[PDB]
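*Asks:* Residue numbers (the numbering used here): 6 to 105.
Think of the CB as a built atom: it goes at the ideal place given N, C-alpha and C, for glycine as much as any other residue.
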């Protein structure tokens with residue numbers, strides 16, 4: 006079961022994002038733009054050097070990738086993914102958990 010060993014291994018593991026039809030998202034280089042019937046929110050990830058890919062097998066899906074290696078992608082993916090997901094919900098619902 007349990008598994009762990011000190012070192013470094015290029016663990017190829019990318020994340021996939023799903024998007025509805027009532028929302029329009031424009032991808033430009035390293036900037037993610039989200040448009041909703043409740044507002045428009047965009048984010049820029051230039052300052053940060055990562056990997057990304059456009060997927061649309063069935064629906065407008067976004068692929069988030071980062072320096073393949075340690076389990077760092079876990080925290081980076083959760084943060085980046087949350088940002089995009091939060092934007093959609095905010096532009097499709099109104100606002101998010103953001104307090105004050």
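On the DSSP bridge assignment, give the partners of residue 40 in chain order.
*Replies:* Position 35 of the chain shown holds residue 40. Residue 40 pairs with 29 and 45.
*Asks:* Please state if the CB of residue 36 and the CB of residue 49 are separated by a distance shorter than 8 Å.
*Replies:* Position 44 of the chain shown, counted from the start, is the residue given in the question as residue 49. Position 31 of the chain shown, counted from the start, is the residue given in the question as residue 36. A contact, by the Cβ cut-off of 8 Å.
*Asks:* If you reduce the DSSP assignment to three classes, tell me which class residue 76 lands in.
*Replies:* As a position in the chain shown, residue 76 is number 71, starting the count at 1. Here residue 76 sits in coil by DSSP.
*Asks:* Less than 8 Å between the CB atoms is what I'm expecting for residue 96 and residue 41, so what's the real figure, rounded?
*Replies:* The residue you call residue 96 lines up with position 91 of the chain shown. The residue you call residue 41 lines up with position 36 of the chain shown. That belief holds up - the Cβ atoms of residue 96 and residue 41 are roughly 2 Å apart, short of 8 Å.
*Asks:* Residue 59 and residue 46 - do their beta-carbons sit closer together than 8 Å?
*Replies:* On the chain shown, residue 46 is found 41 positions in, with the first residue counted as 1. On the chain shown, residue 59 is found 54 positions in, with the first residue counted as 1. No, these two residues do not count as a Cβ contact at 8 Å.
*Asks:* Sorted by chain position, which residues of the same chain lie with C-beta nearer than 7 Å to residue 78's C-beta, five sequence neighbours on each side aside?
*Replies:* Residue 78 sits at position 73 when you count from the first residue of the chain shown. Within the same chain, residue 78 has close Cβ partners 18 and 71.
*Asks:* By alpha-carbon positions, which one of 27, 21 and 54 ends up nearest to residue 34?
*Replies:* Reading the chain shown from its first residue, position 29 is the one you call residue 34. Closest option to residue 34, Cα to Cα, is 54.
*Asks:* How would you label residue 16, buried or exposed, when you count the other beta carbons within 10 angstroms and need 16 or more for buried?
*Replies:* For the purposes of this step, residue 16 is identified with residue 11 of the chain shown, where counting begins at 1. Exposed is the call here.
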